[PDB]
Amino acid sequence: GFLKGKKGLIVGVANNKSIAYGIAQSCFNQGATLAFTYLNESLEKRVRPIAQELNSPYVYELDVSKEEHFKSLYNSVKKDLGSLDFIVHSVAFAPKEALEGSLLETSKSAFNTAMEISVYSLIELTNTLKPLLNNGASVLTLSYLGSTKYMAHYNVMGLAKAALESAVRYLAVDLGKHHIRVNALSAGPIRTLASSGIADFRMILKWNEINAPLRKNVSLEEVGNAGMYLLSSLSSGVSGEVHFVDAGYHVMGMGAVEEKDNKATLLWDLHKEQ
C-alpha cells in the first residue's frame, strides 16, 4: 500500500462513525501502522476495540486541554513507535449554545474553548511531536466550508475553522523546511457523534445532498480515502492546501436548478420539500 511501513498518530476517534476512523480505516488498508488517542475513559471504550480492529495496540489518552497529556504522548509514541510519518488531527469543540443563535451572543468563554480545542490543539500537537516526525511526514486536520462562507449557525466554529486553515498555511511554512507537509481536508456535512449534536443538521445534510453537484452526501469512505491520500506520498507535492471532499458543494453560488429547465425550478422546491 501507499502507507506501507508508515507510522501515524490518529487523534479524534470517538466511534466507528468518526471522520478520524474513516481516515484511519483507509490508511490501514494501505499498510499504515497506527496509534490512537482518546479524550477520556468513556471514549476509550470505543477507541480500543476500533484500534484492535485496525491491528493497533497503541492507544493513548489525550485531552487537548491538558498540556501534561502532550508530555506523556510524546514519551508514549517515542517509546512504542519511535517516530511518526503522519498525524491526523480530527478534533473540535464548542459549547452547545455557541452553535445555535447568533455569533453575537457568543460568550468569551465559549469563544476561547472553541479556539483552544479546535485550533491551538493543532499547534501544540504538532510542536510537541515535531522531534518525532520523519522527513516527508504529513499533518492533516479537518475543516468545513463555514470557515470561508456562512453556514447555518456554525457561528464560532466558523471563526475557529478559518483560523485553523490559516494555521495550516503557517504550519506548512514552518515545517516545510523539514520536508514535512500540513493540509486541511474540508469535508462536506456527515453524520457523526459531533454532528448529531448539532441543531437541524438533518436539514444542512439534506441541503447539501440536493444542491451538491454530485447530488449526494459524501461517504465516510470518501472522506477517509481523501485523507489517506493527503497523508501518503501520493501527495508529497501538496501542502498548505484546503482540500474539498464535499461532493463538489463548495462550487455552488446558489441553489441548484440545473436538471429542470422548463422555467428552471430550485431542486430544493422539487425534492426535500414541496
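Residue positions are given as counts along the sequence shown, with the first one as 1.
The PDB entry records a higher mean C-alpha B factor for 178-186 than for its counterpart among 178-186 and 161-169.
Taking the PDB entry as given, 93-101 carries the higher mean Cα B factor of the two stretches 93-101 and 118-126. Per the deposited record, 204 carries the highest C-alpha B-factor of all listed residues (204, 145, 140, 137).
Set against one another, the Cα B-factors of 156, 81, 151, 88 in the record reach their highest point at 81.
Remark: residue 17 belongs to the middle third of its chain, ranked by C-alpha B-factor as recorded.
Remark: residue 24 belongs to the lowest third of its chain, ranked by C-alpha B-factor as recorded. In the deposited entry, the Cα temperature factor of residue 31 sits in the middle third of values across the chain's modelled residues. Ranked within its chain, residue 55 lands in the highest third, by CA B factor from the PDB record. In the deposited entry, the Cα temperature factor of residue 266 sits in the top third of values across the chain's modelled residues.
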